[PDB]
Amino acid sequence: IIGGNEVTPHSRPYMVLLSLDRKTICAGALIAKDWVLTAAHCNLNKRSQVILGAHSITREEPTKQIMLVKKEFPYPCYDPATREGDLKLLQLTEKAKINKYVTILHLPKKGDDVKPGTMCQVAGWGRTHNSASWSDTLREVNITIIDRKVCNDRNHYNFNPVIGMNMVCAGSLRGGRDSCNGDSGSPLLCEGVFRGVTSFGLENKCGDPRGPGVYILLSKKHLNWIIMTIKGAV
């Protein structure tokens, strides 16, 4: 997260810290006791870890719950080329113990787009401005969705890549306010409601005006798949 601030320890109990390996981490959201929603491009291995109730990566916290992935459910229509439908569902081998520091983030009751100018927040352990490595403590920044037509104009992504109707832009026309490397998969909340999944921006150009954050919109389509997968398995 760039241009944000360190949140109050455990003030965002739905945040999931995904420790992929020693060189990369991602974020996610607990949408069910045994289900985590993250980005499809976030690669997991035997060295990865799904941590709940955390604030600091290193610090040993009693609230943390390190869970295991029973099975990965990437969005079948994911297109790694443009990062379309960049969503992946993590089924946990055991139900997370829901409490005050570990809670569920409910899905959007409807999959409607987000109007430009709406205010949204984004949390994560990704890198910041004055740093190259990830942030040890959770951070969040306030941003605003940019009209997707602007998201595609010459001052921005300029059809490279194209931002479709299942994606939202958000950040700042001036920049400085944005999610970075490590925040991928972080749940995008607008006006207090889960609306998207952090997907991508300009490589190494986090916070740069031309690369406002891009999030997968929890549209009707995506929503129907998510719900179908939670109940489809056992």
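Numbering starts at 1 and runs along the sequence shown.
Undergrad: Between 225-233 and 2-10, which has the larger average Cα B-factor in the PDB entry?
TA: Between 2-10 and 225-233, it is 225-233 that shows the higher mean C-alpha B-factor.
Undergrad: Could you settle it for me: does 180-188 or 38-46 have the higher average Cα B factor in the PDB entry?
TA: Comparing 180-188 with 38-46, the higher average CA B-factor belongs to 38-46.
Undergrad: Highest Cα B-factor in the PDB entry belongs to which of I145, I104, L107, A81?
TA: That would be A81, according to the entry.
Undergrad: Using the temperature factors in the entry, find which of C77, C120, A123, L89 has the highest value at its Cα atom.
TA: Top of the list by C-alpha B-factor: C77.
Undergrad: Rank-wise, by C-alpha B-factor, drop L18 into the lowest, middle or highest third of its chain.
TA: Middle third of the chain for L18's C-alpha B-factor.
Undergrad: Quick check on the deposited entry: does the C-alpha B-factor of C26 sit in the lowest, middle or highest third of its chain?
TA: It falls in the middle third of the chain.
Undergrad: When the deposited Cα B-factors of this chain's modelled residues are ordered and cut into thirds, is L202 in the lowest, the middle or the highest one?
TA: Highest third.
Undergrad: What third of the chain, by the recorded C-alpha B-factor, contains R59?
TA: Its C-alpha B-factor belongs to the highest third of this chain's values.
Undergrad: Rank-wise, by C-alpha B-factor, drop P161 into the lowest, middle or highest third of its chain.
TA: Its C-alpha B-factor, which the entry lists for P161, ranks in the highest third among residues of this chain.
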